[PDB]
Structure formats: C-alpha cells, structure tokens
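Accompanying notes for the structure given below.
As the structure lists them, so they are numbered: ligands from 1, and atoms in each ligand from 1. Naming convention: chains lettered A, B, ... in sequence-line order (proteins, then strands); numbering from 1 in each chain. Only this structure's heavy atoms are used, side chains among them; waters, hydrogens and symmetry mates stay out.
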Amino acid sequence: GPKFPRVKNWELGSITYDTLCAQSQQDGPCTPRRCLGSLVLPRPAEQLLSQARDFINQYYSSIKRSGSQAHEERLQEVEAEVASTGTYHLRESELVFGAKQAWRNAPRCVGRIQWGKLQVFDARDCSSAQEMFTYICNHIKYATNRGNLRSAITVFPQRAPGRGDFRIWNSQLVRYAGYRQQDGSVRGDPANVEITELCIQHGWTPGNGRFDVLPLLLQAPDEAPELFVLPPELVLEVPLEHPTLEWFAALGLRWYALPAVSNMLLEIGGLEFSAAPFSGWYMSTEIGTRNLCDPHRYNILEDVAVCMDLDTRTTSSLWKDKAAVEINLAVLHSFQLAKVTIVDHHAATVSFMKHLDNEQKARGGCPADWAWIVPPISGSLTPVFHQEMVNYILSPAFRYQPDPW
Amino acid sequence: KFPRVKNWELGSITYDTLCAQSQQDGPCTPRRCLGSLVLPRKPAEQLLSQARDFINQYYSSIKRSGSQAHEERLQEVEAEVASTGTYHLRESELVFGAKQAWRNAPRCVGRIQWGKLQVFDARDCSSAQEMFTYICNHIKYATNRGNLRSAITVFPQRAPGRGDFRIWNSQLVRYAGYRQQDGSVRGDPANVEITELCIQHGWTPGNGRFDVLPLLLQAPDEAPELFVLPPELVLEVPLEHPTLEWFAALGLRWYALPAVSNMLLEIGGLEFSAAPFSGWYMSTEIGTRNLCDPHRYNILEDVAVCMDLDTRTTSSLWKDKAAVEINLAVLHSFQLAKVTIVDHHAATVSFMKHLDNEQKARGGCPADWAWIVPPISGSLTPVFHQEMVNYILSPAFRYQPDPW
Ligand code: HEM
Ligand code: HEM
Ligand SMILES: NCc1cccc(OCc2ccc3ccc(N)nc3c2)c1
Ligand SMILES: NCc1cccc(OCc2ccc3ccc(N)nc3c2)c1
Ligand SMILES: C[C@H](O)[C@H](O)[C@H]1CNc2nc(N)[nH]c(=O)c2N1
Ligand SMILES: C[C@H](O)[C@H](O)[C@H]1CNc2nc(N)[nH]c(=O)c2N1
Ligand SMILES: [Zn+2]
C-alpha cells in the first residue's frame with residue numbers, strides 16, 4: 001500500500017515499512033540494473049551550508065525546539081560564520097548529539113542498541129602529536145575501565161581549509177604487529193604488515209612475536225607522524241583458554257580487550273573530523289572467527305583441528321565448523337573468566353532486533369547492512385538472518401577515508 | 001560503469017561487464033539497497049524483441065550466428081508473432097533456454113553443474129493426469145536409486161486469456177504440516193497452507209511428522225486434482241549420527257530430491273508457469289534451515305538436551321554445537337545411504353571455480369551474496385570473502401503468485 005520499502009521478518013511473519021530512508025541525502029552504489037550491496041568499499045560553501053542547515057535542524061528536533069527563536073538564531077549564526085570564514089564550529093552539545101547520531105546511523109554496526117550510551121570526549125583543542133597521545137591514553141584508560149568496558153569516542157580538531165589533517169595512522173589503537181618472513185610467510189597478524197613496516201621505517205625497534213602490540217603513529221597538522229609506544233599496563237589483554245580442552249591454553253593465543261577503531265572519518269553537518277577514534281567492546285565472533293580463523297589472518301583452524309584430532313583431509317567431516325565453534329567458545333570463556341566485557345553473537349543479534357523495533361517507533365526505520373549484521377558463523381541460528389533490512393546513508397556518519405601515505 | 005569486484009582473501013580483482021546485458025530492473029535504487037529482500041514488491045513488439053534476443057543467444061551458442069538457419073528462424077518467429085501474438089520454441093532452443101536460466105540464477109550455489117541438465121519436453125500435456133505421469137517419470141529419472149541427476153520437466157507455456165498449467169505444491173516432495181488446535185504444528189510448518197488445501201480437496205491426512213504430501217495439479221481453468229505419489233518413488237534417508245548413538249532414536253528423516261515446482265521459467269518472452277526442476281541437496285539446506293529454523297521443525301533445543309549441553313545461556317554456544325552435529329548427521333546418513341549430497345564447503349569451493357569459468361566465458365556472473373553464503377560457518381567458506389554483483393539476465397527463473 002504505502003510508497004516505502006516493505007520489510008519482512010520471515011521467522012515471525014511481521015511486516016514494517018521503512019519511511020526513514022526518505023531522509024537519505026546521499027546515494028549509495030546500487031542501481032535498478034545491479035545491486036552492489038556486497039561490496040566492502042564501492043566507488044563549495046553552498047554545499048556546506050545545506051548540510052549544516054540540515055544538521056542544525058536535526059539537533060533542534062532532538063531537543064524539541066524546532067521552529068523556535070533559538071533554532072533560527074543558530075541557523076543565522078552558522079550561515080554568518082560560513083560567510084566570513086568558509087567553515088563553522090559546533091557547540092559542544094551539538095558535537096555530542098552528532099557523534100551519537102553517527103553511531104546510530106552506522107548500517108554495519110550490530111551493537112547500536114547501546115547508541116545513546118556513548119561517552120564523548122571533546123579534544124578539539126589539541127594542538128600537537130604529544131597531546132593527541134595524552135588524549136588517546138586517557139581514552140583507553142576510561143574506555144577499558146579495568147575490564148568493565150565503556151563506549152567512548154575522542155574527537156580531535158576538524159579538517160580546516162588551508163591546514164593539514166590530524167590523523168592517526170593505525171587502523172585501531174591496539175593492533176598486533178605483522179612481520180614478513182624471508183620465506184614469504186607472516187609472523188603475527190598479516191592484516192598489519194603495511195603499518196608494521198611504516199612503524200619500522202619511522203624508527204620503531206621491531207619485536208618478533210605473534211602478539212607484539214604496535215606503537216601509535218600520530219600525525220598533527222602539516223607535520224610528519226610521530227611514534228608513540230603505549231605503556232603495556234594500559235593495554236589489557238586476555239590469554240585464551242578453553243573450558244574443557246586443556247591443551248588449548250598451551251597454544252599461547254591471546255587477544256586485546258578494546259576494539260578501538262581509529263582510522264574512520266566522522267562527518268557532522270558538513271564538518272569533517274579526520275581523527276575521532278572510538279571504541280566499544282567485542283563481539284566474540286570478531287575475535288574467534290574472523291581474526292583467528294580467516295585464512296588471510298592468523299589462520300589457526302587447521303592447527304586447532306589437528307589438536308582436536310579431526311579428519312582434516314575431507315570437507316565432509318565438518319572439521320572447520322567444529323574447530324571454529326571451540327575457538328569461539330574459548331574466546332567467550334576466557335573473557336568471562338578474566339572479567340572483561342564481551343558479547344556472543346546470539347546475545348548481540350537478539351539485542352539488535354530490539355534496536356530495530358525501537359527505531360521503527362522512534363524514526364520509522366533503521367539503515368542496516370545485512371551482510372555485515374549477520375554473524376560469520378551460525379548465521380541462520382540468529383534472528384537477524386530472517387530479517388529483511390534496508391541499507392542507506394544517513395548523516396551524521398562515520399566514513400572510510402584514504403590512508404595518509 | 002563497470003563494477004570492480006574484489007576477493008578479500010586473495011587480493012584479486014575482476015570487473016563485471018556482463019551486467020550491461022541486463023534488461024530487467026531489480027529492487028535497488030541509489031537512495032536505498034533492498035538486496036536482502038526475498039521477493040519482489042510486486043505487447044507484440046516487446047515479445048518480439050525478447051524473442052529476437054533469445055534466438056540470437058541460441059544461434060550464438062551453436063557458433064551459427066548470421067547463418068541462414070539463424071535468419072530463417074528469426075523470420076519464423078516474426079511471422080508467428082505478427083499473426084498469432086505469440087510463438088513456440090523448438091525443442092533444442094527450449095533445452096538451451098532452460099540451461100541458461102539455471103546458469104543465470106543468482107541465488108544458486110550449484111551452478112558449476114549448469115551444462116548438465118536433462119530436459120523433458122512436456123509441452124504436449126493436456127490434462128492433470130498427464131502432468132502426473134510426466135512428474136512421476138521426472139522423479140524416477142532424477143532419483144536414479146540415489147545417484148541423483150539434475151532434470152527439468154517443462155509443461156505448456158502460458159497463453160492469453162487462458163488459465164495456466166500450475167503445480168500447487170512448492171516442491172514435488174513435501175512433508176505435511178498439521179495445525180493442531182492447541183497452537184502447535186505437527187510436521188513441517190512451512191506447509192500448513194498447502195496441507196489444508198489438499199485435505200479440503202479430498203485428501204485423507206496422516207498424523208505424522210513426515211507424511212509426504214499428495215500433488216495438487218491444475219490444468220487450465222479447471223479445479224486442481226489430487227494425486228498420491230507412489231511411495232516407492234519417493235526416496236527418503238533416515239538420519240543417524242556417526243558417533244552419537246541416540247541420534248537415530250529421534251526418528252528424523254528427509255527426502256533425497258529437492259524438486260522446486262512453483263517457479264516460472266521465462267525464455268525469450270514465453271513463460272512456463274509449470275516447469276519443475278531438481279538437482280541434489282546441499283547438506284545445510286536440510287540440517288540447518290529445514291530442521292533447525294525456528295519456524296520449521298525447530299529441533300535445536302531437543303538435540304542440545306540429548307547432548308547434555310547448557311541450554312540456559314547463549315554463551316555456551318549450545319546452538320552452534322547442536323547445529324554442527326545435525327549437519328554432520330545429514331552428511332553421514334546420505335553418504336551411508338548412497339544418496340548424492342554436497343557439503344557447504346565443497347559446494348562453495350566449486351562455486352568459486354564457477355565464477356572463474358564464467359569470468360572468462362561471459363565477463364561476469366550474477367550472484368546473490370546473501371543466498372550463496374551458507375547459513376552456518378559463512379566466513380569459513382571462500383564465497384564469504386568474495387564480492388558479488390547481483391542482476392537479472394534472461395532466460396530466468398522467476399517467482400509467481402500462488403494460484404489460489
Ligand atoms: C558497544 C559495543 C559495540 C559492539 C558489540 C559493536 C559491534 C560491531 C561489530 C561486530 C561490527 C562489525 C565489525 C567488523 O566485522 O569488523 C561493528 C561495526 C561498526 N561499528 Fe559497532 N560495536 C560497538 C560499539 C560501537 C561504537 C561505540 C561505535 C562508534 C561510536 C561503533 C561504530 C561502528 C561502525 C562505524 C562500524 C562499521 C565499521 C566499518 O564499516 O568498517 N560501534 N560494530
Ligand atoms: C545440482 C545440484 C544443485 C545444488 C547443490 C543446488 C544448490 C542450491 C541451493 C543451496 C540453493 C539455495 C536454496 C534455498 O536456500 O532455498 C539454490 C537455489 C536455486 N537453485 Fe540451485 N542447486 C542445484 C541444482 C539446480 C538446478 C538443476 C536448477 C534449475 C534447473 C537450480 C536453480 C535454482 C534456482 C532458480 C534457485 C533460487 C531459488 C529461489 O530463489 O527460491 N538449481 N540452489
Ligand atoms: N575490515 C577492515 C577493518 C580493519 C580494522 C578494524 C575494523 O573494524 C571495524 C569495526 C568498527 C567498530 C567496531 C566497534 C565495536 C566492535 N566490537 N567492533 C568494531 C569493528 C575493520
Ligand atoms: N525460499 C522459499 C522456498 C520454498 C520452497 C522451496 C524452495 O527451494 C528453493 C530451491 C530452489 C532450487 C534448488 C535446487 C537445488 C537445491 N538443492 N535446492 C534448491 C532450493 C524455496
Ligand atoms: C565480500 C564481503 O562483503 C566481505 O567478506 C564482508 C562480508 N561481511 C562482513 N561482515 C562483517 N561484520 N565484517 C566484515 O568484514 C565482512 N566482510
Ligand atoms: C531475510 C533474508 O534475506 C532471508 O532470510 C534469506 C537470507 N539468505 C538465504 N539464503 C538461502 N540460500 N536461502 C534462503 O532462504 C535465504 N533467506
Ligand atoms: Zn543493492
């Protein structure tokens with residue numbers, strides 16, 4: 001009936017219509033001719049002003065002051081600023097609203113039930129790489145909270161016309177070195193080979209373990225990046241063991257507590273924050289399935305299966321599935337034992353369904369990327385697999401941005 | 001222009017140029033992507049152009065484009081449309097057309113097999129009774145005592161102002177779902193509706209979990225008729241587990257033959273509303289979806305208790321553990337019964353080979369990532385890490401409304 005995408009849950013037989021996609025002001029990669037939804041990364045003051053105006057409208061709606069005198073005055077205040085400087089500045093509460101709305105809008109994030117609970121650290125006064133490092137250490141401290149993890153984001157100064165960007169070169173604040181061997185293989189995390197070599201080129205003395213924490217490469221405006229080593233006591237790690245397989249602890253596997261993405265661009269009202277690292281807590285499949293079992297990551301599936309004495313010579317023994325389960329179980333068990341926040345893929349997806357229901361009421365829809373929301377093991381066992389989803393770009397947003405080298 | 005398609009495990013890139021051959025709109029727009037939706041929301045020159053396009057594909061396939069036979073065939077098609085408003089395929093064209101439809105099906109992981117398809121021409125069928133005979137031969141052929149062979153039977157095409165030939169069942173072999181008035185469903189909940197239609201059309205129902213349904217067959221503008229399949233035709237596989245002795249006690253079983261019977265086959269503008277086709281099962285279809293889905297047989301918790309797992313909490317991964325053992329039970333049992341089946345790792349490996357073949361042959365391959373990636377152990381298979389482009393090519397299989 002209604003002129004909006006009809007969305008169905010196939011488990012429950014229930015129907016909704018997404019009206020929120022009508023608010024999208026940016027085109028994704030799909031056309032009537034072909035869907036490109038499985039692609040990870042598919043390909044003027046007038047423009048700023050319209051984006052700025054739209055954000056200010058969003059802000060004044062969220063506080064129920066739409067059409068008010070303060071709303072119209074903030075609009076004139078922004079247009080004047082842009083008219084005289086070519087850019088504008090956010091009030092602090094606007095920044096807080098904006099950062100939360102960007103998380104809420106992130107189609108690939110399954111943890112958005114938590115979106116209203118986000119600690120926003122304003123670091124827009126930062127003026128050096130040393131200072132960026134201080135803000136980052138404080139972020140890690142506050143966010144780690146000795147294992148009782150707390151979502152947080154730290155926002156550094158915005159892109160300025162006629163000035164270089166603040167950038168954190170690492171993709172996360174905590175990552176394991178990846179050392180290329182003279183036989184062609186990689187010791188450590190192959191995902192991090194490039195950044196490891198950049199750190200070395202920049203004066204880092206490399207280790208040679210499988211789990212060496214990388215230093216941070218931090219770039220203040222118009223300067224070369226400076227290298228900073230995180231004090232080990234700030235980086236909480238969890239040694240992995242299995243509740244019944246005693247040999248598993250002997251594998252010497254471990255992972256860090258805090259997933260702190262640091263290379264994404266935060267866009268609010270046309271303003272761009274090139275350095276705004278944020279962190280939450282892990283879903284167990286991120287560590288146990290992707291980081292440890294991806295063939296192009298640590299790739300330990302065959303090793304674990306041999307320890308479990310599975311028939312690894314034939315696909316039909318399901319050895320890969322059996323090993324993957326035990327690895328995921330080890331991750332969950334070890335984090336719980338160490339008292340570090342973690343969420344399994346069942347609890348996470350069930351909570352995401354609650355979030356879809358909340359947002360249907362609050363906003364008439366919720367942009368979601370099915371391929372990213374459905375977990376990488378046990379897909380159809382979770383309720384999100386059976387939920388149709390509409391994907392679209394809303395602003396404020398987190399966006400990929402090219403690497404600074 | 002042309003999508004750059006990347007495999008994130010191997011670092012390799014291809015470009016899909018085949019998508020430019022699409023003449024039919026999917027549901028996505030630049031404003032929003034609707035790729036995760038299961039079903040679509042909703043003269044003579046049009047038919048003639050689809051017909052010319054198809055005839056051109058056919059003569060190109062036999063390396064005979066431009067030949068006189070090619071030219072004469074286009075004229076035949078034109079003369080027949082101009083006079084009658086439609087036309088008819090030759091058997092060879094029909095065979096080529098059915099294989100291309102399978103090749104083009106973006107949701108099918110089994111397409112490495114596409115060139116090997118037995119095509120039964122049933123277009124000389126005039127009654128429900130004759131459809132039933134054709135269907136029985138199809139099932140006999142395809143089952144082949146456990147050595148399954150892909151096949152399609154094609155019933156007469158749709159015609160203007162005349163009702164369609166339709167098979168009301170969604171598959172030739174389905175288990176009944178009985179709605180006990182105490183809320184629950186006995187049997188397969190996906191089939192409550194069809195089970196009830198069968199009863200009211202005079203079927204004597206059973207009361208089991210795996211009662212094979214009768215076929216409701218409909219010839220144009222007639223009430224459908226009920227036919228019971230001779231039980232010796234329907235190969236079934238009892239499920240047992242290689243190491244869990246109690247598993248067999250559950251009395252679980254599934255049929256050998258996945259034979260979809262409610263999809264429309266479109267070739268060169270002609271539509272075939274009854275054209276059931278069958279291949280062989282991938283184990284996750286049975287183990288994961290049919291048995292473990294919450295709105296199907298839903299056996300997870302039962303199995304998990306038999307394995308003495310902690311059902312209290314999600315974090316013990318009881319569901320993942322029980323699902324793996326069910327999938328193993330299916331593979332084991334089919335292998336023991338000498339009935340063809342393929343596991344999701346073998347299937348997806350072969351699909352990657354298919355993408356490579358098709359990249360060289362046609363410059364691309366339409367693929368629905370959400371359907372190709374298996375429902376358990378997704379990222380443990382190579383397709384997970386493969387970007388894919390989805391689009392509609394003709395000939396094609398399509399969904400169509402239920403005939404009731
Ligand atoms: C609080 C607990 C959280 C959980 C359990 C969670 C979970 C996840 C997961 C599993 C993914 C997929 C990541 C991958 O496969 O690599 C993801 C993506 C994402 N998350 Fe969340 N998240 C949480 C907090 C946050 C926070 C605090 C933010 C931002 C303030 C956030 C923003 C994002 C964004 C932008 C993506 C997409 C990243 C990309 O496209 O590469 N998440 N999240
Ligand atoms: C030979 C072995 C085959 C295997 C292993 C196989 C595998 C599969 C699987 C796993 C699916 C997903 C089904 C679901 O989740 O419900 C599928 C879908 C599909 N298959 Fe294949 N298939 C085979 C043969 C065939 C044949 C012979 C045809 C047609 C001639 C075909 C056409 C299709 C179509 C049109 C779909 C999409 C169905 C839909 O949208 O509901 N397949 N296949
Ligand atoms: N796939 C590329 C790549 C490289 C490095 C990090 C990364 O992380 C994505 C991401 C972003 C935010 C997250 C928030 C919480 C969480 N548990 N995982 C999260 C994962 C993605
Ligand atoms: N998803 C709705 C629905 C209802 C009934 C049957 C069905 O089957 C889809 C389908 C189609 C073709 C197949 C070919 C081979 C196979 N193993 N499964 C196949 C499964 C799908
Ligand atoms: C090709 C495909 O899009 C790619 O492998 C995606 C699939 N789904 C994903 N889902 C999540 N959560 N994270 C990922 O990195 C990916 N990778
Ligand atoms: C909503 C979602 O698109 C739907 O559950 C899809 C997901 N992927 C699938 N994949 C296959 N092979 N079969 C299916 O029925 C589905 N269902
Ligand atoms: Zn799309």
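For atom 40 (O) of ligand 2, the nearest non-hydrogen atom of the protein is B:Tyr399 OH, 2.5 Å. Shortest contact from atom 43 (N) of ligand 2 to any protein heavy atom: B:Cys108 SG, 3.4 Å. The protein heavy-atom contact nearest to atom 24 (C) of ligand 2 is B:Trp102 CZ2, 3.3 Å. In terms of protein heavy atoms, atom 15 (O) of ligand 6 is closest to B:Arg289 NH1, 3.3 Å. Closest protein heavy atom to atom 18 (C) of ligand 2: B:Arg107 O, 3.6 Å. Closest protein heavy atom to atom 10 (N) of ligand 6: B:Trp371 CA, 3.3 Å. The shortest contact between atom 32 (C) of ligand 2 and any protein heavy atom is with B:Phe277 CE1, 3.6 Å. Among protein heavy atoms, atom 13 (C) of ligand 2 sits closest to B:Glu285 OE1, 3.9 Å. Protein heavy atom nearest atom 38 (C) of ligand 2, with residue, atom name and distance: B:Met263 SD, 4.1 Å. In terms of protein heavy-atom proximity, atom 16 (O) of ligand 2 is closest to B:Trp371 CZ3, 3.9 Å.
Outside the 6.0 Å centre-distance limit, the rings of B:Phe272 and B:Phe165 are not counted as a close aromatic pair. With ring centers used as reference points, A:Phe385 lies under 6.0 Å from A:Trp370. Two rings, from B:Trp254 and B:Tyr175, have their centers less than 6.0 Å apart. Ring centroid separation for the pair B:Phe210 and B:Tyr297 comes in under the 6.0 Å cut-off.
A heavy-atom separation below 4.0 Å is not found between B:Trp114 and ligand 2. For B:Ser278, the closest heavy-atom approach to ligand 2 falls below 4.0 Å.
Ion pairing of B:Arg398 with B:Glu266 is absent here, as no side-chain N (NZ or NE/NH1/NH2) approaches a carboxylate O to less than 4.0 Å. Salt bridge A:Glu359/A:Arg112: absent, no basic N to carboxylate O contact under 4.0 Å.
In the vicinity of B:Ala105, heavy-atom distances shorter than 4.0 Å reach the ligand 2 atoms 35 (C). Residue B:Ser150 has at least one heavy-atom neighbour below 4.0 Å for each of these atoms of ligand 2: 1 (C), 27 (C). Under a 4.0 Å criterion applied to the non-hydrogen atoms of B:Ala370, ligand 6 contributes the atoms 8 (N), 9 (C), 10 (N). Near B:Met282, meaning under 4.0 Å from any of its heavy atoms, are these atoms of ligand 2: 10 (C). Heavy-atom contacts of B:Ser36 reach the following atoms of ligand 6: 1 (C), 2 (C), 3 (O) (cutoff under 4.0 Å).
A donor and an acceptor atom, one from each side chain of B:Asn191 and B:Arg296, are nowhere located under 3.5 Å apart.
Contacts between B:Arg111 and ligand 2, counted as non-hydrogen atom pairs separated by less than 4.0 Å, are absent for every part of the residue. Contacts between B:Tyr281 and ligand 2, counted as non-hydrogen atom pairs separated by less than 4.0 Å, are absent for every part of the residue. For B:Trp280, heavy-atom contacts with ligand 2 shorter than 4.0 Å involve the backbone as well as the side chain. If you look at A:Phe385 next to ligand 6, the close heavy atoms, those under 4.0 Å, come from the backbone and the side chain alike.
Atom CZ of B:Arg41 sits in a crowded spot, with more than 12 heavy atoms from other residues, nucleotides or ligands closer than 6.0 Å. For B:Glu271, the CD atom sits in a packed shell: over 12 heavy atoms of surrounding residues, nucleotides or ligands are nearer than 6.0 Å.
At the Zn ion (ligand 7), the angle from SG in A:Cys35 to SG in B:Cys28 is 100° when rounded to 10°.
Of the listed residues (B:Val95, B:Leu94, B:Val154), just one forms a side-chain contact (heavy atoms from CB on, under 4.5 Å) with B:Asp121, and that residue is B:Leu94. The side-chain contact (heavy atoms from CB on, under 4.5 Å) test with A:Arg108 singles out one residue from A:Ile373, A:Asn391, A:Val40, and that residue is A:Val40.
Between the CG atom of B:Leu213 and the CG atom of B:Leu172 there is a distance of 12.0 Å, given to the nearest 0.5 Å.
Shown here for B:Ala122 and B:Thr153, the closest heavy-atom pair between the two residues is CB-CG2, 3.6 Å.
Between B:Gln113 and ligand 2, no pair of N/O atoms sits closer than 3.5 Å.
With a 6.0 Å cutoff to the six-membered ring centre and a 45° limit on the axis angle, B:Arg149 counts as a cation-pi contact of B:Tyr141.
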